[PDB]
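Participant: enclosed are the sequence and the experimentally obtained structure.
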Amino acid sequence: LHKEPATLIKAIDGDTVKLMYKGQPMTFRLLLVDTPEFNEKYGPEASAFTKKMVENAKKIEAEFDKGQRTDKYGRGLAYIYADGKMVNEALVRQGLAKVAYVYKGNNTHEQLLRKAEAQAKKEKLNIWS
Ligand SMILES: Cc1cn([C@H]2C[C@H](OP(=O)(O)O)[C@@H](COP(=O)(O)O)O2)c(=O)[nH]c1=O
Ligand SMILES: [Ca+2]
């Protein structure tokens, strides 16, 4: 997989963010995770965590997997990095997202993220509390 440039347009919630990618505004949905909706428990904390991560970053990159790059809503499907740290993995490691939506052929970082979930769960963090 390859990291590609993007710039932040706007934080949305725990697992979607609006980025400019190849010069075009797009909403990205983070691969392999599910944060609570803003209206749900930990939803505001997830939104806050992603917002802080992407807004503080000097460099945002989007990494597509091997499969579908857009979902049925037209959202980009990618792993998003902030100054080299994967947002997807960070949310899971903090107990603010569950590993989820693991579809065949867009699942390169599956085992990485499950390892993070196990550790958040061992720690009883947030969702696992
Ligand atoms: C993460 C992801 C979501 N989706 C679709 C599945 C779900 O369809 P449904 O809308 O029919 O439930 C939806 C969940 O995204 P959200 O968690 O943002 O609501 O997005 C994909 O198709 N591929 C993906 O990789
Ligand atoms: Ca969600």
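Facilitator: Happy to help now that I have it. Residues are numbered from 1 along each chain as shown. Ligands and ions are numbered 1, 2, ... in the order given.

Participant: for residue 118, give its distance to residue 80.
Facilitator: Here the criterion is C-beta to C-beta, to the nearest Å. By it, residue 118 lies 22 Å from residue 80. C-beta coordinates here come from the backbone N, C-alpha and C atoms, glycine included.

Participant: compare these two (neighbour count), which wins?
Facilitator: residue 80 (29 against 13; other C-beta atoms under 10 Å).

Participant: name whatever forms a beta bridge with the more buried one.
Facilitator: With DSSP bridges as the criterion, residue 80 is bridged to residue 62.

Participant: contact partners for it?
Facilitator: By C-beta atoms under 8 Å, 6 or more residues apart in numbering, the residues touching residue 80 are 6, 17, 19, 28, 30, 54, 60-63, 86-88.

Participant: cool, residue 35 as well?
Facilitator: Residue 35 makes contact with 13-15, 42-43, 46-47, 50, 91, 96-97 under the criterion C-beta under 8 Å, 6+ apart.

Participant: in helices, which of these fall?
Facilitator: When those are checked against helices (DSSP state H), the matches are 43, 46-47, 50, 91.
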